[PDB]
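Colleague: Below is the file structure_2.pdb, with PDB, C-alpha atoms.
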ATOM      1  CA  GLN A 343       0.000   0.000   0.000  1.00  0.00           C
ATOM      2  CA  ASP A 348      -6.667   9.432   3.287  1.00  0.00           C
ATOM      3  CA  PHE A 349      -6.163   6.896   0.523  1.00  0.00           C
ATOM      4  CA  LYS A 350      -6.528   4.067   3.026  1.00  0.00           C
ATOM      5  CA  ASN A 351      -9.988   5.181   4.133  1.00  0.00           C
ATOM      6  CA  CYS A 352     -10.874   5.538   0.459  1.00  0.00           C
ATOM      7  CA  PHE A 353      -9.803   1.973  -0.332  1.00  0.00           C
ATOM      8  CA  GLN A 354     -11.470   0.598   2.807  1.00  0.00           C
ATOM      9  CA  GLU A 355     -14.615   2.212   1.426  1.00  0.00           C
ATOM     10  CA  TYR A 356     -13.973   0.787  -2.045  1.00  0.00           C
ATOM     11  CA  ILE A 357     -13.582  -2.844  -1.009  1.00  0.00           C
ATOM     12  CA  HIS A 358     -15.462  -3.479   2.207  1.00  0.00           C
ATOM     13  CA  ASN A 359     -16.731  -0.417   4.053  1.00  0.00           C
ATOM     14  CA  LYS A 360     -19.894   1.015   2.526  1.00  0.00           C
ATOM     15  CA  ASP A 361     -18.861   4.498   3.674  1.00  0.00           C
ATOM     16  CA  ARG A 362     -21.524   6.787   2.273  1.00  0.00           C
ATOM     17  CA  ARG A 363     -20.619  10.440   2.781  1.00  0.00           C
ATOM     18  CA  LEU A 364     -21.974  13.976   2.590  1.00  0.00           C
ATOM     19  CA  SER A 365     -21.420  15.956  -0.621  1.00  0.00           C
ATOM     20  CA  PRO A 366     -18.421  13.818  -1.610  1.00  0.00           C
ATOM     21  CA  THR A 367     -16.898  13.382  -5.064  1.00  0.00           C
ATOM     22  CA  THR A 368     -16.550   9.648  -5.598  1.00  0.00           C
ATOM     23  CA  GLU A 369     -15.353   7.668  -8.626  1.00  0.00           C
ATOM     24  CA  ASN A 370     -14.870  10.955 -10.433  1.00  0.00           C
ATOM     25  CA  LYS A 371     -11.214  11.136  -9.456  1.00  0.00           C
ATOM     26  CA  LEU A 372     -10.681   7.432 -10.103  1.00  0.00           C
ATOM     27  CA  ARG A 373     -11.838   7.463 -13.719  1.00  0.00           C
ATOM     28  CA  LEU A 374     -10.057  10.716 -14.522  1.00  0.00           C
ATOM     29  CA  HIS A 375      -6.634   9.560 -13.353  1.00  0.00           C
ATOM     30  CA  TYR A 376      -7.334   6.130 -14.836  1.00  0.00           C
ATOM     31  CA  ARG A 377      -7.888   7.574 -18.295  1.00  0.00           C
ATOM     32  CA  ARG A 378      -5.031   9.969 -17.578  1.00  0.00           C
ATOM     33  CA  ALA A 379      -2.345   7.421 -16.756  1.00  0.00           C
ATOM     34  CA  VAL A 380      -3.700   3.910 -16.285  1.00  0.00           C
ATOM     35  CA  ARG A 381      -5.268   3.358 -19.714  1.00  0.00           C
ATOM     36  CA  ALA A 382      -1.865   3.723 -21.383  1.00  0.00           C
ATOM     37  CA  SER A 383       0.042   1.576 -18.886  1.00  0.00           C
ATOM     38  CA  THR A 384       1.683  -1.620 -20.075  1.00  0.00           C
ATOM     39  CA  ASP A 385       0.691  -3.531 -16.937  1.00  0.00           C
ATOM     40  CA  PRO A 386      -2.437  -5.447 -17.994  1.00  0.00           C
ATOM     41  CA  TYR A 387      -3.087  -6.382 -14.400  1.00  0.00           C
ATOM     42  CA  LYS A 388      -2.915  -2.791 -13.142  1.00  0.00           C
ATOM     43  CA  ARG A 389      -5.044  -1.466 -15.999  1.00  0.00           C
ATOM     44  CA  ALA A 390      -7.670  -4.203 -15.722  1.00  0.00           C
ATOM     45  CA  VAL A 391      -7.885  -3.759 -11.951  1.00  0.00           C
ATOM     46  CA  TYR A 392      -8.347  -0.017 -12.298  1.00  0.00           C
ATOM     47  CA  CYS A 393     -11.035  -0.686 -14.892  1.00  0.00           C
ATOM     48  CA  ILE A 394     -12.814  -3.035 -12.498  1.00  0.00           C
ATOM     49  CA  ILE A 395     -12.729  -0.757  -9.472  1.00  0.00           C
ATOM     50  CA  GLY A 396     -13.524   2.375 -11.465  1.00  0.00           C
ATOM     51  CA  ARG A 397     -16.235   0.852 -13.665  1.00  0.00           C
ATOM     52  CA  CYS A 398     -15.107   2.606 -16.815  1.00  0.00           C
ATOM     53  CA  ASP A 399     -13.459   1.731 -20.114  1.00  0.00           C
ATOM     54  CA  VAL A 400     -16.403  -0.550 -20.811  1.00  0.00           C
ATOM     55  CA  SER A 401     -14.983  -1.931 -24.054  1.00  0.00           C
ATOM     56  CA  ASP A 402     -11.709  -2.960 -22.417  1.00  0.00           C
ATOM     57  CA  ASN A 403     -11.886  -6.731 -22.442  1.00  0.00           C
ATOM     58  CA  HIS A 404      -8.424  -6.757 -20.816  1.00  0.00           C
ATOM     59  CA  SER A 405      -8.105 -10.142 -22.502  1.00  0.00           C
ATOM     60  CA  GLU A 406      -4.343 -10.165 -21.903  1.00  0.00           C
ATOM     61  CA  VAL A 407      -5.345 -10.805 -18.281  1.00  0.00           C
ATOM     62  CA  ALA A 408      -8.590 -12.750 -18.912  1.00  0.00           C
ATOM     63  CA  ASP A 409      -8.812 -15.537 -21.480  1.00  0.00           C
ATOM     64  CA  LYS A 410     -11.670 -17.799 -20.337  1.00  0.00           C
TER      65      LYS A 410
ATOM     66  CA  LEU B1306     -24.460  29.418 -10.819  1.00  0.00           C
ATOM     67  CA  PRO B1307     -25.267  26.233  -8.875  1.00  0.00           C
ATOM     68  CA  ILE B1308     -28.601  25.623 -10.553  1.00  0.00           C
ATOM     69  CA  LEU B1309     -27.209  26.891 -13.827  1.00  0.00           C
ATOM     70  CA  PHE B1310     -24.365  24.410 -13.963  1.00  0.00           C
ATOM     71  CA  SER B1311     -26.656  21.643 -12.788  1.00  0.00           C
ATOM     72  CA  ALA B1312     -28.844  22.465 -15.752  1.00  0.00           C
ATOM     73  CA  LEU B1313     -25.967  22.667 -18.216  1.00  0.00           C
ATOM     74  CA  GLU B1314     -24.670  19.327 -17.014  1.00  0.00           C
ATOM     75  CA  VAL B1315     -28.085  17.799 -17.562  1.00  0.00           C
ATOM     76  CA  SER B1316     -28.329  19.435 -20.969  1.00  0.00           C
ATOM     77  CA  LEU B1317     -24.966  18.291 -22.269  1.00  0.00           C
ATOM     78  CA  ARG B1318     -25.754  14.853 -20.872  1.00  0.00           C
ATOM     79  CA  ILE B1319     -28.916  14.663 -22.968  1.00  0.00           C
ATOM     80  CA  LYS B1320     -27.544  16.934 -25.724  1.00  0.00           C
ATOM     81  CA  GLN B1321     -30.502  19.323 -25.729  1.00  0.00           C
ATOM     82  CA  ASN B1322     -31.272  23.045 -25.465  1.00  0.00           C
ATOM     83  CA  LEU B1323     -28.371  24.029 -27.691  1.00  0.00           C
ATOM     84  CA  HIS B1324     -29.542  27.636 -27.749  1.00  0.00           C
ATOM     85  CA  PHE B1325     -29.741  27.543 -23.960  1.00  0.00           C
ATOM     86  CA  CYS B1326     -26.236  26.128 -23.660  1.00  0.00           C
ATOM     87  CA  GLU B1327     -24.811  28.754 -25.985  1.00  0.00           C
ATOM     88  CA  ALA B1328     -26.568  31.690 -24.364  1.00  0.00           C
ATOM     89  CA  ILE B1329     -25.523  30.589 -20.893  1.00  0.00           C
ATOM     90  CA  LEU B1330     -21.984  30.103 -22.141  1.00  0.00           C
ATOM     91  CA  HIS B1331     -21.905  33.609 -23.553  1.00  0.00           C
ATOM     92  CA  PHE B1332     -23.267  35.033 -20.317  1.00  0.00           C
ATOM     93  CA  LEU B1333     -20.583  33.161 -18.420  1.00  0.00           C
ATOM     94  CA  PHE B1334     -17.856  34.396 -20.744  1.00  0.00           C
ATOM     95  CA  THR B1335     -19.065  37.955 -20.271  1.00  0.00           C
ATOM     96  CA  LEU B1336     -19.060  37.526 -16.503  1.00  0.00           C
ATOM     97  CA  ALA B1337     -15.564  36.050 -16.765  1.00  0.00           C
ATOM     98  CA  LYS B1338     -14.027  39.415 -17.658  1.00  0.00           C
ATOM     99  CA  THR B1339     -14.285  40.208 -13.942  1.00  0.00           C
ATOM    100  CA  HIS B1340     -11.855  38.987 -11.318  1.00  0.00           C
ATOM    101  CA  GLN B1341     -14.493  38.171  -8.710  1.00  0.00           C
ATOM    102  CA  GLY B1342     -16.708  36.797 -11.460  1.00  0.00           C
ATOM    103  CA  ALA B1343     -14.265  34.213 -12.763  1.00  0.00           C
ATOM    104  CA  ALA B1344     -13.215  33.576  -9.176  1.00  0.00           C
ATOM    105  CA  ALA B1345     -16.691  32.397  -8.265  1.00  0.00           C
ATOM    106  CA  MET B1346     -17.011  30.664 -11.631  1.00  0.00           C
ATOM    107  CA  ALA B1347     -14.147  28.417 -10.636  1.00  0.00           C
ATOM    108  CA  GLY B1348     -15.578  28.277  -7.124  1.00  0.00           C
ATOM    109  CA  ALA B1349     -18.605  26.771  -8.846  1.00  0.00           C
ATOM    110  CA  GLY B1350     -16.486  23.950 -10.222  1.00  0.00           C
ATOM    111  CA  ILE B1351     -17.356  25.134 -13.713  1.00  0.00           C
ATOM    112  CA  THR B1352     -14.639  22.723 -14.708  1.00  0.00           C
ATOM    113  CA  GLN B1353     -16.077  19.992 -12.494  1.00  0.00           C
ATOM    114  CA  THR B1354     -19.357  20.465 -14.322  1.00  0.00           C
ATOM    115  CA  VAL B1355     -18.421  21.087 -17.941  1.00  0.00           C
ATOM    116  CA  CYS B1356     -15.226  19.105 -18.439  1.00  0.00           C
ATOM    117  CA  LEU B1357     -16.930  15.737 -18.002  1.00  0.00           C
ATOM    118  CA  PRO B1358     -19.934  16.120 -20.345  1.00  0.00           C
ATOM    119  CA  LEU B1359     -18.067  18.075 -23.027  1.00  0.00           C
ATOM    120  CA  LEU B1360     -16.794  14.737 -24.319  1.00  0.00           C
ATOM    121  CA  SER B1361     -20.369  13.964 -25.381  1.00  0.00           C
ATOM    122  CA  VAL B1362     -20.640  16.797 -27.923  1.00  0.00           C
ATOM    123  CA  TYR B1363     -17.851  15.409 -30.113  1.00  0.00           C
ATOM    124  CA  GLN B1364     -18.135  11.715 -29.222  1.00  0.00           C
ATOM    125  CA  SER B1387     -24.886  25.908 -31.917  1.00  0.00           C
ATOM    126  CA  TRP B1388     -22.899  22.936 -30.646  1.00  0.00           C
ATOM    127  CA  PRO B1389     -19.407  23.664 -32.049  1.00  0.00           C
ATOM    128  CA  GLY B1390     -20.162  27.281 -31.214  1.00  0.00           C
ATOM    129  CA  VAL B1391     -20.816  26.307 -27.614  1.00  0.00           C
ATOM    130  CA  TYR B1392     -17.559  24.355 -27.527  1.00  0.00           C
ATOM    131  CA  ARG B1393     -15.710  27.360 -28.920  1.00  0.00           C
ATOM    132  CA  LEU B1394     -17.294  29.715 -26.411  1.00  0.00           C
ATOM    133  CA  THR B1395     -16.305  27.331 -23.641  1.00  0.00           C
ATOM    134  CA  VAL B1396     -12.724  27.257 -24.865  1.00  0.00           C
ATOM    135  CA  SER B1397     -12.818  31.039 -25.022  1.00  0.00           C
ATOM    136  CA  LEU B1398     -14.031  31.213 -21.450  1.00  0.00           C
ATOM    137  CA  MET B1399     -11.241  28.849 -20.440  1.00  0.00           C
ATOM    138  CA  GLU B1400      -8.609  30.997 -22.126  1.00  0.00           C
ATOM    139  CA  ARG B1401     -10.001  34.173 -20.608  1.00  0.00           C
ATOM    140  CA  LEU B1402     -10.130  32.483 -17.212  1.00  0.00           C
ATOM    141  CA  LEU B1403      -6.479  31.551 -17.515  1.00  0.00           C
ATOM    142  CA  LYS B1404      -5.686  35.131 -18.494  1.00  0.00           C
ATOM    143  CA  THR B1405      -7.655  36.285 -15.455  1.00  0.00           C
ATOM    144  CA  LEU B1406      -6.244  33.983 -12.765  1.00  0.00           C
ATOM    145  CA  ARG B1407      -3.387  31.894 -14.242  1.00  0.00           C
ATOM    146  CA  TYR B1408      -1.737  30.646 -11.057  1.00  0.00           C
ATOM    147  CA  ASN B1409      -4.582  29.067  -9.092  1.00  0.00           C
ATOM    148  CA  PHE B1410      -6.398  27.914 -12.245  1.00  0.00           C
ATOM    149  CA  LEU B1411      -3.578  26.272 -14.201  1.00  0.00           C
ATOM    150  CA  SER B1412      -4.383  22.963 -12.514  1.00  0.00           C
ATOM    151  CA  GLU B1413      -7.946  22.745 -13.776  1.00  0.00           C
ATOM    152  CA  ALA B1414      -6.911  24.238 -17.093  1.00  0.00           C
ATOM    153  CA  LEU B1415      -4.404  21.444 -17.580  1.00  0.00           C
ATOM    154  CA  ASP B1416      -7.015  18.924 -16.491  1.00  0.00           C
ATOM    155  CA  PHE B1417      -9.532  20.077 -19.080  1.00  0.00           C
ATOM    156  CA  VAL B1418      -6.836  20.252 -21.730  1.00  0.00           C
ATOM    157  CA  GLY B1419      -5.774  16.693 -21.008  1.00  0.00           C
ATOM    158  CA  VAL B1420      -9.414  15.883 -21.510  1.00  0.00           C
ATOM    159  CA  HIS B1421      -9.946  18.071 -24.570  1.00  0.00           C
ATOM    160  CA  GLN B1422      -6.464  17.345 -25.947  1.00  0.00           C
ATOM    161  CA  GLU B1423      -7.641  15.213 -28.859  1.00  0.00           C
ATOM    162  CA  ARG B1424     -10.254  17.744 -29.948  1.00  0.00           C
ATOM    163  CA  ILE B1425      -7.726  20.583 -29.703  1.00  0.00           C
ATOM    164  CA  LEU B1426      -5.415  18.595 -31.963  1.00  0.00           C
ATOM    165  CA  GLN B1427      -8.256  17.975 -34.405  1.00  0.00           C
ATOM    166  CA  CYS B1428      -9.044  21.693 -34.509  1.00  0.00           C
ATOM    167  CA  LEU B1429      -5.386  22.526 -35.107  1.00  0.00           C
ATOM    168  CA  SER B1430      -5.242  19.948 -37.905  1.00  0.00           C
ATOM    169  CA  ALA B1431      -8.540  20.755 -39.635  1.00  0.00           C
ATOM    170  CA  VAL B1432      -7.200  24.118 -40.868  1.00  0.00           C
ATOM    171  CA  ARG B1433      -5.743  22.205 -43.822  1.00  0.00           C
ATOM    172  CA  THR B1434      -9.041  20.846 -45.174  1.00  0.00           C
ATOM    173  CA  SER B1437     -13.774  25.376 -44.074  1.00  0.00           C
ATOM    174  CA  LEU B1438     -14.707  28.356 -41.924  1.00  0.00           C
ATOM    175  CA  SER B1439     -15.750  26.188 -38.975  1.00  0.00           C
ATOM    176  CA  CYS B1440     -12.377  24.446 -39.001  1.00  0.00           C
ATOM    177  CA  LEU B1441     -10.796  27.897 -39.091  1.00  0.00           C
ATOM    178  CA  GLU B1442     -12.664  29.177 -36.045  1.00  0.00           C
ATOM    179  CA  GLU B1443     -12.063  25.954 -34.136  1.00  0.00           C
ATOM    180  CA  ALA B1444      -8.348  26.139 -34.851  1.00  0.00           C
ATOM    181  CA  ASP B1445      -8.304  29.791 -33.832  1.00  0.00           C
ATOM    182  CA  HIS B1446      -9.952  29.000 -30.518  1.00  0.00           C
ATOM    183  CA  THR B1447      -7.692  26.027 -29.795  1.00  0.00           C
ATOM    184  CA  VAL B1448      -4.706  28.209 -30.629  1.00  0.00           C
ATOM    185  CA  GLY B1449      -5.900  31.004 -28.362  1.00  0.00           C
ATOM    186  CA  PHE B1450      -6.303  28.506 -25.544  1.00  0.00           C
ATOM    187  CA  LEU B1451      -2.823  27.136 -26.201  1.00  0.00           C
ATOM    188  CA  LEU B1452      -1.538  30.710 -26.103  1.00  0.00           C
ATOM    189  CA  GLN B1453      -3.236  31.496 -22.798  1.00  0.00           C
ATOM    190  CA  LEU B1454      -1.629  28.321 -21.456  1.00  0.00           C
ATOM    191  CA  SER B1455       1.803  29.136 -22.898  1.00  0.00           C
ATOM    192  CA  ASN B1456       2.327  31.730 -20.154  1.00  0.00           C
ATOM    193  CA  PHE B1457       2.852  28.770 -17.808  1.00  0.00           C
ATOM    194  CA  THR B1458       5.001  26.680 -20.136  1.00  0.00           C
ATOM    195  CA  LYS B1459       7.090  25.615 -17.144  1.00  0.00           C
ATOM    196  CA  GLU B1460       4.315  23.716 -15.380  1.00  0.00           C
ATOM    197  CA  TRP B1461       2.894  22.780 -18.785  1.00  0.00           C
ATOM    198  CA  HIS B1462       5.941  20.751 -19.780  1.00  0.00           C
ATOM    199  CA  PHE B1463       6.306  19.721 -16.134  1.00  0.00           C
ATOM    200  CA  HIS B1464       3.053  17.783 -15.949  1.00  0.00           C
ATOM    201  CA  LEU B1465       2.389  16.880 -19.604  1.00  0.00           C
ATOM    202  CA  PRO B1466       5.863  16.506 -21.115  1.00  0.00           C
ATOM    203  CA  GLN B1467       4.648  14.846 -24.306  1.00  0.00           C
ATOM    204  CA  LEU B1468       2.012  17.543 -24.672  1.00  0.00           C
ATOM    205  CA  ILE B1469       4.147  20.679 -24.884  1.00  0.00           C
ATOM    206  CA  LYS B1470       6.554  18.955 -27.267  1.00  0.00           C
ATOM    207  CA  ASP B1471       4.022  17.542 -29.716  1.00  0.00           C
ATOM    208  CA  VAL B1472       2.400  20.962 -29.435  1.00  0.00           C
ATOM    209  CA  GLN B1473       5.500  22.857 -30.534  1.00  0.00           C
ATOM    210  CA  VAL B1474       6.009  20.381 -33.378  1.00  0.00           C
ATOM    211  CA  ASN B1475       2.477  20.594 -34.741  1.00  0.00           C
ATOM    212  CA  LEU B1476       2.521  24.364 -34.205  1.00  0.00           C
ATOM    213  CA  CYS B1477       5.506  24.708 -36.492  1.00  0.00           C
ATOM    214  CA  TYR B1478       3.656  22.466 -38.940  1.00  0.00           C
ATOM    215  CA  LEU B1479       0.503  24.584 -38.810  1.00  0.00           C
ATOM    216  CA  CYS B1480       2.264  27.936 -39.036  1.00  0.00           C
ATOM    217  CA  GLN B1481       3.881  26.559 -42.184  1.00  0.00           C
ATOM    218  CA  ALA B1482       0.466  25.379 -43.396  1.00  0.00           C
ATOM    219  CA  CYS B1483      -0.972  28.856 -42.901  1.00  0.00           C
ATOM    220  CA  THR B1484       1.959  30.439 -44.732  1.00  0.00           C
ATOM    221  CA  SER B1485       1.533  28.060 -47.671  1.00  0.00           C
ATOM    222  CA  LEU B1486      -2.228  28.578 -47.918  1.00  0.00           C
ATOM    223  CA  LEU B1487      -1.791  32.355 -47.765  1.00  0.00           C
ATOM    224  CA  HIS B1488       1.089  32.769 -50.226  1.00  0.00           C
ATOM    225  CA  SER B1489      -0.895  31.112 -53.032  1.00  0.00           C
TER     226      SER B1489
END
Mind turning the file's structure into structure tokens?
Modeller:
Amino acid sequence: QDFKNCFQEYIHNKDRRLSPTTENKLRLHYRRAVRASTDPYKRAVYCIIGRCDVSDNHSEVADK
Amino acid sequence: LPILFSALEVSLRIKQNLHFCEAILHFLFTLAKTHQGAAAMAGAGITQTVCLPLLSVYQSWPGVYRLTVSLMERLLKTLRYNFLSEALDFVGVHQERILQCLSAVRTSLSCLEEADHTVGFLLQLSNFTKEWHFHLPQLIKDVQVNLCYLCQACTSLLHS
């Protein structure tokens, strides 16, 4: 590994908030840096958590 | 401004009320001449609202896009330091469309105006070339290259 509270929200903790900006910053950085990255695992994982790049089959990491 | 941007977001999401979008954009650009005006405009997250949907328009309309770019350039000219961050953000978003506008000048009055607006935005950003190259190193470089190319293109079109 406030990012920790964010991730604890992402995975397990529901963690609703008041007037928060959520998943906006994820997708923006993702398309900013992640989409171009060579690491299929990192890119696919960011796609999963951030629920964007719908067409990305990430097949280099998923074949079945 | 809160309700206004909420509306504009909705509108660009559904791609409706083009006249509304354009008029509001012009009103915003006129308000942007003021320091306090543009200050609150940013304080409204005008970027946070517009930057996201604006992908939809390219994915009057081009007039609205141009007016938005004009407001961005004027906003940079009004408050460069504290606004360069969001400006760079939007540019990284609108980078492809800015490139298309700068390239269309070869093949049309609309292409001309779009290129002029993209160029004006690039100019307004040039005053912070340090941070520009700092964050988006490929950007400033490809920009200088294509800018040489397009200045040459303009010279060639004009001479004959």
Colleague: Could you list as an mmCIF file with C-alpha atoms, keeping the file's coordinate frame every residue that has an atom within 12 Å of (-27.2, 30.8, -12.3), using the file's coordinates and counting all atoms listed in the file?
Modeller:
data_model
loop_
_atom_site.group_PDB
_atom_site.id
_atom_site.type_symbol
_atom_site.label_atom_id
_atom_site.label_comp_id
_atom_site.auth_asym_id
_atom_site.auth_seq_id
_atom_site.Cartn_x
_atom_site.Cartn_y
_atom_site.Cartn_z
ATOM 1 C CA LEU B 1306 -24.460 29.418 -10.819
ATOM 2 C CA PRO B 1307 -25.267 26.233 -8.875
ATOM 3 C CA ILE B 1308 -28.601 25.623 -10.553
ATOM 4 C CA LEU B 1309 -27.209 26.891 -13.827
ATOM 5 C CA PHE B 1310 -24.365 24.410 -13.963
ATOM 6 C CA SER B 1311 -26.656 21.643 -12.788
ATOM 7 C CA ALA B 1312 -28.844 22.465 -15.752
ATOM 8 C CA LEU B 1313 -25.967 22.667 -18.216
ATOM 9 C CA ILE B 1329 -25.523 30.589 -20.893
ATOM 10 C CA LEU B 1330 -21.984 30.103 -22.141
ATOM 11 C CA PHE B 1332 -23.267 35.033 -20.317
ATOM 12 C CA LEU B 1333 -20.583 33.161 -18.420
ATOM 13 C CA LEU B 1336 -19.060 37.526 -16.503
ATOM 14 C CA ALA B 1345 -16.691 32.397 -8.265
ATOM 15 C CA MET B 1346 -17.011 30.664 -11.631
ATOM 16 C CA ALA B 1349 -18.605 26.771 -8.846
ATOM 17 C CA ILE B 1351 -17.356 25.134 -13.713
#
Colleague: Dump as a VMD selection string the residues of chain A that approach chain B to within 10 Å, counting only C-alpha atoms.
Modeller: chain A and resid 367 370 374 to 375 377 to 378
Colleague: Just to confirm, what's the straight-line distance from CA of residue 1439 in chain B to CA of residue 1465 in chain B in Å (one decimal)?
Modeller: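 A separation of 28.1 Å between them.
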Colleague: Between CA of residue 1394 in chain B and CA of residue 1331 in chain B, what is the spacing in Å?
Modeller: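 Calculated distance between CA of residue 1331 in chain B and CA of residue 1394 in chain B is 6.7 Å.
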Colleague: Report as a short mmCIF file (atom, residue, chain, number, x, y, z; two decimals) with C-alpha atoms, in the coordinates of the input all protein, DNA and RNA residues lying within 10 Å of residue 389 in chain A, evaluated on all atoms listed in the file, omitting residues in the same chain fewer than 4 positions from it.
Modeller:
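Output (selection.cif):
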data_model
loop_
_atom_site.label_atom_id
_atom_site.label_comp_id
_atom_site.auth_asym_id
_atom_site.auth_seq_id
_atom_site.Cartn_x
_atom_site.Cartn_y
_atom_site.Cartn_z
CA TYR A 376 -7.33 6.13 -14.84
CA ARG A 377 -7.89 7.57 -18.30
CA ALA A 379 -2.35 7.42 -16.76
CA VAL A 380 -3.70 3.91 -16.28
CA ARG A 381 -5.27 3.36 -19.71
CA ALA A 382 -1.86 3.72 -21.38
CA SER A 383 0.04 1.58 -18.89
CA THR A 384 1.68 -1.62 -20.08
CA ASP A 385 0.69 -3.53 -16.94
CA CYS A 393 -11.04 -0.69 -14.89
CA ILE A 394 -12.81 -3.04 -12.50
CA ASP A 399 -13.46 1.73 -20.11
CA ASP A 402 -11.71 -2.96 -22.42
CA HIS A 404 -8.42 -6.76 -20.82
CA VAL A 407 -5.34 -10.80 -18.28
#
Colleague: Could you tell me how far CA of residue 1450 in chain B lies from CA of residue 1489 in chain B, in Å and to one decimal?
Modeller: 28.1 Å
Colleague: Please define a box with edges along x, y and z of the file around all atoms of range 1394-1410 of chain B given in the file, extend it by 5 Å on each side, and return its centre and edge lengths in Å to one decimal, as JSON.
Modeller:
{"center_x": -9.5, "center_y": 31.8, "center_z": -17.8, "size_x": 25.6, "size_y": 19.0, "size_z": 27.3}
Colleague: Specify as a PDB file with C-alpha atoms, keeping the file's coordinate frame each residue included when the PyMOL selection byres ((chain B and resi 1398) around 9) is applied to this file.
Modeller:
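This is the output file part-v2.pdb:
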ATOM      1  CA  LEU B1330     -21.984  30.103 -22.141  1.00  0.00           C
ATOM      2  CA  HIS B1331     -21.905  33.609 -23.553  1.00  0.00           C
ATOM      3  CA  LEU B1333     -20.583  33.161 -18.420  1.00  0.00           C
ATOM      4  CA  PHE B1334     -17.856  34.396 -20.744  1.00  0.00           C
ATOM      5  CA  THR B1335     -19.065  37.955 -20.271  1.00  0.00           C
ATOM      6  CA  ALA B1337     -15.564  36.050 -16.765  1.00  0.00           C
ATOM      7  CA  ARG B1393     -15.710  27.360 -28.920  1.00  0.00           C
ATOM      8  CA  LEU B1394     -17.294  29.715 -26.411  1.00  0.00           C
ATOM      9  CA  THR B1395     -16.305  27.331 -23.641  1.00  0.00           C
ATOM     10  CA  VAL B1396     -12.724  27.257 -24.865  1.00  0.00           C
ATOM     11  CA  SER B1397     -12.818  31.039 -25.022  1.00  0.00           C
ATOM     12  CA  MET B1399     -11.241  28.849 -20.440  1.00  0.00           C
ATOM     13  CA  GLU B1400      -8.609  30.997 -22.126  1.00  0.00           C
ATOM     14  CA  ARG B1401     -10.001  34.173 -20.608  1.00  0.00           C
ATOM     15  CA  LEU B1402     -10.130  32.483 -17.212  1.00  0.00           C
ATOM     16  CA  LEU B1403      -6.479  31.551 -17.515  1.00  0.00           C
TER      17      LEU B1403
END
Colleague: Within 12 Å of residue 1407 in chain B, counting all atoms listed in the file, which residues show up once you throw out same-chain ones fewer than 5 positions away? Write them as a PyMOL selection string, please.
Modeller: chain B and resi 1340+1343-1344+1347+1399-1402+1412-1415+1453-1458+1460-1461
Colleague: Using all atoms listed in the file, can you tell me which of B:1432, B:1315, B:1469, B:1356 comes closest to residue 1452 in chain B?
Modeller: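 Nearest candidate to residue 1452 in chain B out of B:1432, B:1315, B:1469, B:1356: B:1469.
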